[PDB]
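Asks: Below: one structure in structure tokens.
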Amino acid sequence: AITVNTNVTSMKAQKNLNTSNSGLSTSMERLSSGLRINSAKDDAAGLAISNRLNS
Amino acid sequence: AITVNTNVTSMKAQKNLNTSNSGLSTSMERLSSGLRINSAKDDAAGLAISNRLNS
Amino acid sequence: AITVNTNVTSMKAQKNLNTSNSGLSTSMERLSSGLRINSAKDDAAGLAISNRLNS
Amino acid sequence: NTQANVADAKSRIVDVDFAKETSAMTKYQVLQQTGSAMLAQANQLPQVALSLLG
Amino acid sequence: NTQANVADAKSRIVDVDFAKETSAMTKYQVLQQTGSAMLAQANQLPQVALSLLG
Amino acid sequence: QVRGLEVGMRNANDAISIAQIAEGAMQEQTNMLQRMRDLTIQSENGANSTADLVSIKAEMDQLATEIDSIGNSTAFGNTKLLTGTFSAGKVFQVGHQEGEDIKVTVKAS
Amino acid sequence: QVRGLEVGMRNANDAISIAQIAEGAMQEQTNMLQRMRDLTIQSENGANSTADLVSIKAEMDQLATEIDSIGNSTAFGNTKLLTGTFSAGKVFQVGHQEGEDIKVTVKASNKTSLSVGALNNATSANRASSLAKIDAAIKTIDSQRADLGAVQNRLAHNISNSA
Amino acid sequence: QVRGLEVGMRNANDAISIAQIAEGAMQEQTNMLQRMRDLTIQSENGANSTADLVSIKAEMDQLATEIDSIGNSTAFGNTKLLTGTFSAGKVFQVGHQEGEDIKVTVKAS
Amino acid sequence: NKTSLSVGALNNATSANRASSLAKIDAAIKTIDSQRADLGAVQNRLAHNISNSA
């Protein structure tokens, strides 16, 4: 099991780093503005309710 | 006992290297993510219990 | 099959070394600049789309 | 707002991922040293002909 | 996820194991030098006929 | 026996890969099912309205579509593994004689 | 066949280099055309004046001169590659027999070709007409680069097969 | 028999070389066909445009030209091997008597 | 030859097809093995006649 053409250990390691980087990014923008529902990624029903409360 | 057709010493040596390489690989992915139960290789009952605790 | 005029083993070995050297070279220039599409070797449609996005 | 989102779209197309690129760069370095040892050793194959009396 | 697992399956079929290959390469190098010495020495077997007066 | 085992070794490495891919796909189905549980709990507010419940359903509806989509896509090169063709376990031979077989069963999901 | 292929290999390495140089020059023409787009957008303020518009044109005017200058300079030793001598694709032979040829076509690309050279920004209609021609210019260069990239992707596979 | 076999040995070494060259050429046709698959998958974006699809076709078009070019070029000295002259397998004699023949068939590609 | 050794029709489609094919190949190796032993005994036998006759 000693190969020099594919490194599956690297492939799994790369995915974990991408997930941790994306989580760090989304936390900064929530902190920089102060809103949990920045986009429609988050609670779909929350933004609809908030719009009527804003009115 | 001097042969030039089979090297059983190599055969035993190869197996030990494969085991040590596989153990090194599995330790890195546990460290890169932070979860002991990555797949169903590990505790079969642990993942089932964790799913209800996650709920 | 013992010849001293042609070494086909060398011919096959030479080709493999050339492929590995060319792959190493192209990886360094992508890393030294930071762009996947350096020239038109790569995605032909990608550079066209990027030009309008750049505009 | 729209400027930031277009920058997202443009980077996914033209920009490299260092995780992808670094693995490939190290990937080929090993193959180069493997290729050089194989080629040097394959070059002295015809010296067997000298063993059978010139 | 599925890309990584398919890469596992594909390498077990087409990729070499250097532990297996290196042993075989050294395995045949010895046989070559053994074969060359045996062939060179077997070539001068008929010189016995010269001992019995031409 | 020596050559028989060597082919048998590769026979079992193939079975490991099939079980590896199917297990990976079921993990993603589990995460989306957990999100459906939260939406059902969230859909039980008494402060919601008729229009609010429709928006939550429009989210649940698309999550169920992917559970279908993963089920019909997960394949080993060209063989679909989660659509019932492994309902009655298939057979891999890991020895050098008849009867040395391992059975892998994957029910449709 | 053995010696025929060896000469054919060097024949195709030459074609790769020609396509490499032409592609490199068109990249710099693209960047200067993008700067002309910004100046046209910048030249549309209502707070500018007649003297202000002249200064912006004096910048656009010199950028168009270099698009001419690159077009007339880019050469392979002594053969100009962007002045239309490759308008009807030239031929390289990559095999050892007749008919094994590859054709490389490079259309002329300079300021008169790309319909630039007279670009004003005084009146309302003048700026609208100028913006369309620059956009059409980028499209023409983009298609040319794709055509040259396909050939050198094509040529790379011949070398591997011939080896 | 001794001299008959010696000529028969060289007769079969010739057949090996012909099969070796044809196999090598088909490998390069396989790699270019794989690249055409990616372009077809890439050509299915909904963010593309009419002008974008034309550029992708201009690439697919030249790759198909080389599949023609390899097919019409691959030869053993002066005999083309992939243009159907080996559609009905040719014959090599590897023994010292009549009827000891091997047939090699290469369909046009 | 192939008809003698009960080979010439070997399929591998169904479950029963592969099981039947495996048994016939194993029986084929046994038959050849016994034949080689019979021929070896004769030439061991013939070698002793020559020495005695000399």
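Asks: Can you give the angle from 0 to 90° between the axis of helix G:2-42 and the longest principal axis of chain G, with both taken from C-alpha atoms, to the nearest 10?
Replies: That works out to roughly 10 degrees.
Asks: Taking the Cα centre of the protein assembly as shown as origin and charging only Cβ (+1 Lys, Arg; -1 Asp, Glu), how large is the dipole, in debye to the nearest 20?
Replies: 1240 debye
Asks: Per the Kirkwood formula on distinct C-alpha pairs, the Rh of chain D is how many angstrom?
Replies: The answer is 15.7 Å.
Asks: Next question. Tell me, what ³J(HN,Hα) does each residue in segment D:34-39 have, in order and in whole Hz, if you take phi through Karplus 6.51 cos²θ - 1.76 cosθ + 1.60 with θ = phi - 60° and put x for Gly and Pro?
Replies: 5, x, 5, 5, 5, 5
Asks: Taking neighbour Cβ counts within 10 Å as the exposure measure, how do G:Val151, D:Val16 sort from fewest upward?
Replies: D:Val16, G:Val151
Asks: Provide the net charge surrounding B:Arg30, with neighbours chosen by a C-beta distance below 12 Å and charges set as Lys +1, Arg +1, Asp -1, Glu -1.
Replies: Local net charge: +1.
Asks: Quick one: what are the phi-derived ³J(HN,Hα) couplings along segment B:24-35, Karplus 6.51/-1.76/1.60 with θ = phi - 60°, whole Hz, x for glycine and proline?
Replies: Those phi angles translate into 5, 5, 5, 6, 5, 5, 5, 6, 6, 9, x, 10 Hz.
Asks: Taking the alpha-carbon centroid of each part, what is the distance from segment B:27-43 to segment D:10-26 in angstrom?
Replies: 26 Å
Asks: Going by the alpha-carbon gyration tensor, a ≥ b ≥ c the square roots of its eigenvalues, is the protein assembly as shown rounded (a/c under 1.5) or, if a/c is not under 1.5, prolate (a/b greater than b/c) versus oblate?
Replies: Cα axes put the protein assembly as shown in the oblate bin.
Asks: Note the angle between two axes, namely the Cα long axis of helix H:50-71 and the longest principal axis of the Cα atoms of chain H, as a number of degrees from 0 to 90, rounded to the nearest 10.
Replies: Taking Cα atoms only, the helix is inclined about 10 degrees.
Asks: Let me ask something additional. So what's the net charge close to H:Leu53: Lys and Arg +1, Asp and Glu -1, counting the other residues with Cβ under 12 Å from its Cβ?
Replies: Net charge in that neighbourhood comes out at -2.
Asks: Right, something else. Just want to confirm a number: the relative contact order over chain G, from Cα pairs under 8 angstrom separated by 6+ residues, in percent.
Replies: Normalised by residue count, the contact order of chain G is 30 percent.
Asks: Roughly how many whole Å is it from the C-alpha centroid of segment G:27-79 to that of segment I:6-51?
Replies: Cα centroid of segment G:27-79 versus Cα centroid of segment I:6-51: 87 Å apart.
Asks: With each run of n ≥ 4 DSSP H residues scored as -39500 (n - 2.57), what mean residue ellipticity at 222 nm is computed for chain C after dividing by its residue count and rounding to the nearest 500 deg cm²/dmol?
Replies: It comes out at -23000 deg cm²/dmol, rounded to the nearest 500.
Asks: Per residue, what volume in Å³ does the convex hull of the Cα atoms of chain C enclose?
Replies: 91 Å³
Asks: Also: May I have the count of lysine pairs in chain F with C-alpha atoms under 21 Å apart, counting pairs 8 or more residues apart or located on different chains?
Replies: Going through chain F pair by pair, I get 5.
Asks: Between A:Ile37 and G:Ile16, what is the spin-label point distance in nm, taking each point 7 Å from the Cα along the Cα→C-beta axis?
Replies: So the two model labels end up 5.7 nm from each other.
Asks: A follow-up question, please. If you average 1/r over every pair of different alpha-carbon atoms in segment H:4-109 and take one over that average, what Kirkwood value in Å do you get?
Replies: Details: mean 1/r = 0.0603 Å⁻¹.
Hydrodynamic radius (Kirkwood, Cα pairs) of segment H:4-109 is 16.6 Å.
Asks: Would you work out the charge dipole size for chain C about its Cα centre, treating the Cβ of every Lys and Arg as +1 and the Cβ of every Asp and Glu as -1, and quote it to the nearest 20 debye?
Replies: 60 debye
Asks: Find every distance from the label point of D:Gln32 to the corresponding label point in the other copies (7 Å from Cα along Cα→Cβ) and write them in nm, one decimal, shortest first.
Replies: Spelled out, the distances from D:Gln32's label point are 2.7 nm.
Asks: Still on this structure, I have one more. What is the fewest-to-most order of H:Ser73, H:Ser43 by other Cβ atoms lying within 10 Å of their Cβ?
Replies: So the residues, fewest neighbours to most, are H:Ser43, H:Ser73.
Asks: I need the inter-copy label distances for B:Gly46: point set 7 Å along Cα to C-beta, values in nm with one decimal, smallest first.
Replies: Ordered by increasing distance: 3.2, 4.0 nm.
Asks: Using the basic label-point model (7 angstrom from Cα toward the beta carbon), what is the G:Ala156 to E:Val16 distance in nanometres?
Replies: Distance between label points: 2.5 nm.
Asks: Give the residue from H:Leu63, H:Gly77, H:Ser109 lying farthest towards the positive end of the charge dipole for segment H:52-109; charges sit on Cβ (+1 for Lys and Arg, -1 for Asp and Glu) and the dipole is referred to the Cα centre.
Replies: H:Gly77
Asks: Check F:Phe76: other-chain or 5+ apart residues with amide H under 5 Å from its amide H, H built from backbone geometry?
Replies: F:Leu81
Asks: How much FRET efficiency would the formula 1/(1 + (r/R0)^6) give for G:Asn72 and H:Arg37, where r is the Cβ-Cβ distance and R0 is 30 Å, rounded to 0.05?
Replies: Computed FRET efficiency for G:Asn72 and H:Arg37: 0.10.
Asks: Grab the Cα-Cα distance for G:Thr123 and G:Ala88, subtract it from 0.36 nm times how many residues apart they are, and report the gain in nm with one decimal.
Replies: 8.6 nm
Asks: Around H:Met32, with a cut-off of 13 angstrom between Cβ atoms, what is the net charge of the other residues, counting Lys and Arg +1 and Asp and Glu -1?
Replies: Working: positive: G:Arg154, H:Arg35, H:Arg37; negative: H:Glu28, H:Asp38, H:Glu59, H:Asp61, H:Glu66, H:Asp68.
After counting each charged neighbour, the total is -3.
Asks: In sequence order, what are the phi-derived ³J(HN,Hα) couplings for segment A:46-53 according to the Karplus relation 6.51 cos²θ - 1.76 cosθ + 1.60 with θ = phi - 60°, rounded to whole Hz, with x for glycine and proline?
Replies: Karplus values, whole Hz, x for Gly and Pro: x, 5, 5, 5, 5, 5, 5, 5.
Asks: Next question, about the same structure. Can you give the mean number of other chain Cβ atoms that lie within 10 Å of the Cβ atoms in peptide F:13-22?
Replies: Neighbouring Cβ atoms belonging to other protein chains average 4 per residue here.
Asks: With 10 angstrom as the radius, rank G:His157, I:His48 by how many other C-beta atoms surround their C-beta, starting from the fewest.
Replies: Starting with the residue having the fewest Cβ neighbours, the order is I:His48, G:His157.
Asks: Still on this structure, I have one more. Once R0 is set to 25 Å, what does the formula 1/(1 + (r/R0)^6) return for the Cβ-Cβ distance between E:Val48 and H:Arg3, expressed as a FRET efficiency to the nearest 0.05?
Replies: Efficiency computed from Cβ-Cβ geometry: 0.35.
Asks: Here's something else I'd like to know. Under unit Cβ charges (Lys, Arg +1; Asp, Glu -1), what dipole magnitude, rounded to 20 debye, does chain G have relative to its Cα centre?
Replies: Details: 15 positive and 17 negative charges, 42 e Å.
My answer is approximately 200 debye.
Asks: A follow-up question, please. In segment C:2-31, whose amide N lies under 15 Å from the spot 7 Å out along Cα-to-Cβ of H:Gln62? List them in ranges.
Replies: Those under the cut-off are none; the list is empty.
Asks: Provide a whole-number value for the mean count of partner chain Cβ atoms within 10 Å of the Cβ atoms in peptide G:156-163. Show your work: numbers first, answer last.
Replies: On the way: counts 2, 10, 5, 2, 6, 12, 2, 7.
Per-residue shielding by partner chains comes out at 6.
Asks: If you keep only loop residues by DSSP, which GluC sites (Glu not before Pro) in segment F:12-51 have at most 16 other Cβ atoms within 10 Å of their Cβ?
Replies: F:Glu44
Asks: Between the label point of B:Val4 and that of the same position in each other copy, find the distances and list them shortest first in nm, with every label point placed 7 Å from Cα along the Cα-to-C-beta direction.
Replies: Sorted ascending, the copy-to-copy spacings read 2.3, 2.7 nm.
Coordinate-derived values only; no laboratory data. For neighbour counting, all protein chains shown are included, and Cβ atoms are generated from backbone atoms with ideal geometry for every residue, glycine included.
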